[PDB]
Amino acid sequence: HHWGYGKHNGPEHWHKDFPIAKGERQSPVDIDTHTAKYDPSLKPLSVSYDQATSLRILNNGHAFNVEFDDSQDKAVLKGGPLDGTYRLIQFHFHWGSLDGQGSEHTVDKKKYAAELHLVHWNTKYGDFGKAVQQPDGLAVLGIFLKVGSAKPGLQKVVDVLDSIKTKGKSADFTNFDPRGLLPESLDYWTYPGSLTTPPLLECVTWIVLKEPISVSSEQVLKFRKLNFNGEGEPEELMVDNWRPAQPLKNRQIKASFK
Ligand SMILES: NS(=O)(=O)c1ccc(C(=O)NCc2cccc(O)c2)cc1
Ligand SMILES: NS(=O)(=O)c1ccc(C(=O)NCc2cccc(O)c2)cc1
Ligand SMILES: NS(=O)(=O)c1ccc(C(=O)NCc2cccc(O)c2)cc1
Ligand SMILES: [Zn+2]
């Protein structure tokens, strides 16, 4: 058996093999907008993706990842709460079975239809594997998705999903520009947290954008046609692959905006 999102392997079970699930800086969290505080110490945020090199898209049995070449500063995140340079390694989403759910973070308890995670690692640590042994190893840029108008820059992702229906399938995915997944504003909230899936490591500076992107109902419907299972196994739709909000504990959420 393995961890997942079902009744018998979902978030309530993870602590038995990953005891950090009950740790001091777990993610996601609810973002209480009234309690978050504007932080004048934050520097301007810099999302520098013009030289991004996407490579491949993979159904890993929990989500799909669009993977990037991270062997140079091609696509980086800097500024904001960050010290130094964080390189983009992959992005993926979490989404619901219904439009009223799917996000990991919540905003005043509001759940969005989905949430995009752009995953970066701190170059001072040399490789992702070493970065995940550090308290400041990772930075994840989180972006909420609501259902409304289509996101044109998402469509290339949607259209390849038929090639990667089942766990372990991959497809070449070159020349994808992740700038087409961003909203107009970079206003954000930030706090120290964790991976939201096993191994739940407490290595992440979370940067959660305030402005959601809209995607169409047809775009999310296609996410919901993916499968958690492998080819030839019983079909289990890849839906509700989100962890609920975790205790904030001894943390303060900071806002980039007044
Ligand atoms: N890694 S984990 O702690 O989340 C974990 C490990 C094993 C199990 C497990 O043995 N579950 C039984 C089971 C039964 C039917 C379907 C399943 O996916 C899992 C659940 C969670
Ligand atoms: N070589 S690469 O830059 O395209 C690249 C390598 C690994 C990853 C990645 O997502 N690594 C984390 C990971 C850990 C265990 C199993 C996985 O499939 C992925 C992404 C991009
Ligand atoms: N949902 S999330 O963005 O917090 C997230 C990002 C990356 C990963 C990830 O890379 N997982 C694979 C991994 C990481 C560290 C050690 C491992 O053995 C595997 C998991 C969750
Ligand atoms: Zn994620």
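Residues numbered from 1 in each chain as written, not as in the entry; some residues may be left out. Chains lettered and ligands numbered in written order. Heavy atoms only, no water. Residues with missing side-chain atoms left out of burial classes, pairs and counts.

As summarised from the PDB record, the model derives from X-ray crystallography at a stated resolution of 1.0000 Å.

The name the PDB entry gives the protein is Carbonic anhydrase 2, with Homo sapiens as the organism. Readers searching the PDB will find this entry under the title "Structure at 1A resolution of a helical aromatic foldamer-protein complex". Entered under Subunit (literature references left out) in the UniProt record, the comment concerning the protein runs "Interacts with SLC4A4. Interaction with SLC4A7 regulates SLC4A7 transporter activity. Interacts with SLC26A6 isoform 4 (via C-terminus cytoplasmic domain)." The protein has a UniProt comment under Sequence similarities that states "Belongs to the alpha-carbonic anhydrase family." (UniProt positions renumbered as here; feature names shortened; annotations may be inferred.)

Asks: Hey, could you run me through the overall build of the protein in this one?
Replies: Looking only at helices and strands, one finds 3 helices and 15 strands in the protein. Taking 258 residues into account, the globule formula puts the C-alpha radius of gyration at 18 Å, and the protein, at 17 Å, falls close to it. Expressed as lengths along the three principal axes of its C-alpha atoms, the size of the protein is roughly 55 × 40 × 40 Å. (Helix = DSSP H or I, 4+ residues; strand = E, 2+ residues; numbered from the N terminus. Rg over C-alpha atoms; globule rule 2.2 N^0.38 Å.)

Asks: Before we go on, may I ask you to explain the nonpolar core in this structure?
Replies: Generally speaking, a soluble globular protein has its nonpolar side chains buried in company with each other. The biggest cluster of nonpolar side chains holds 50 residues, and the ones touching the most others in it are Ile57, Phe64, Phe91, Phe93, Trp95, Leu118 and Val157. Elements supplying a minimum of two residues to this core: β5 (64-68), β7 (86-95), β9 (114-122), β10 (138-147), α2 (155-160), β13 (204-209), β14 (213-215) and α3 (217-223). Per-element accounting of this core gives the leading share, 5 residues, to β7. Dropping the residues within four chain positions of it, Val157 is found in contact with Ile57, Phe64, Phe91, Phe173 and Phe176. (Core = buried A, V, L, I, M, F, W, Y, C linked by side-chain atoms within 4.5 Å. Buried < 20%, exposed > 50% of the residue type's maximum accessible area, 1.4 Å probe, protein only. Contact = heavy atoms within 4.5 Å.)

Asks: Help me out: how do you make sense of the side chain of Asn122 in this one?
Replies: Positionally, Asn122 belongs in strand β9. At 3.2 Å, the side chain of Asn122 and the side chain of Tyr86 are in polar contact. Within the structure, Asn122 has its side chain in polar contact with the backbone oxygen of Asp136 (distance 3.1 Å). When near neighbours in sequence (up to four residues on either side) are disregarded, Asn122 contacts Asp83, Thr85, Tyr86, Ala131, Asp136 and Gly137. (Polar contact = N/O pair within 3.5 Å; in protein donor to acceptor, adjacent residues only side chain to side chain.)

Asks: In this structure, what is going on with the UniProt feature "binding site: substrate" in the protein? I would like to understand it.
Replies: UniProt feature "binding site: substrate": in the numbering of this structure it lies at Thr196 and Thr197. Mapped onto the fold, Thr196 is located in the loop between β12 (188-193) and β13. Overall, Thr196 belongs to the buried group, its relative accessible area being 5%. Excluding anything up to four places from it in sequence, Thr196 contacts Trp14, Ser27, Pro28, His94, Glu104, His117, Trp206 and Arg243. A distance of 2.6 Å separates polar atoms of two side chains, one belonging to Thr196 and the other to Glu104. On the secondary structure map, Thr197 appears in the loop between β12 and β13. Once residues lying within four places of it in the same chain are set aside, the contact partners of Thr197 are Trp3, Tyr5, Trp14 and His94.

Asks: Looking at this structure, how should I read the pattern of salt bridges?
Replies: When the charged atoms of two side chains with opposite charge come close together, those side chains can pair. A full pass over the atoms with the stated rule returns 7 salt bridges. Note that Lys74 is salt-bridged to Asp69, the shortest N-O span being 3.2 Å. Judged by relative accessible area, which is 19%, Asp69 ranks as buried. The partner of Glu235 in a salt bridge is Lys165, with the nearest N and O atoms 3.9 Å apart. Of this pair, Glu235 sits in the loop between α3 and β15 (254-255) while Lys165 sits in the loop between α2 and β11 (170-172), and the two are 70 residues apart along the sequence. The class of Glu235 is exposed, set by a relative accessible area of 51%. (Salt bridge = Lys/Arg side-chain N within 4 Å of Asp/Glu carboxyl O.)

Asks: How should I be thinking about the site of ligand 3 in this particular structure?
Replies: Taken together, 14 residues are adjacent to ligand 3, and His92, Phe128, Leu195, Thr196 and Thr197 come closest. In the environment of ligand 3, a nitrogen atom lies 3.3 Å from a nitrogen or oxygen atom belonging to the side chain of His94. Between ligand 3 and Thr196 there is a distance of 2.9 Å, counted from a nitrogen atom to a side-chain nitrogen or oxygen. Burial of ligand 3 by the protein amounts to 71% of the accessible area it has alone, namely 490 Å². (Near = heavy atom within 4 Å. Areas by Shrake-Rupley, 256 points an atom, 1.4 Å probe, with all protein chains shown as cover.)

Asks: Which parts of the structure should I look at to understand the UniProt feature "binding site: Zn(2+)" in the protein?
Replies: Mapped onto the present numbering, the UniProt feature "binding site: Zn(2+)" falls at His92, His94 and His117. The greatest C-alpha distance among the residues just named is 8.2 Å, despite their covering 26 residues of sequence, which places them together in space. Other than its neighbours up to four places away in sequence, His92 contacts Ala63, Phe64, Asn65, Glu115, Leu116, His117 and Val119. Side chain to side chain, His92 and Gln90 meet in a polar contact 2.8 Å long. For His117, the position within the fold is in strand β9. In contact with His117, other than residues within four places in its own chain, are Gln90, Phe91, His92, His94, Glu104, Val140, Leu141, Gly142, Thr196 and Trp206. Polar side-chain contacts of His117 include one of 3.1 Å to the side chain of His94.

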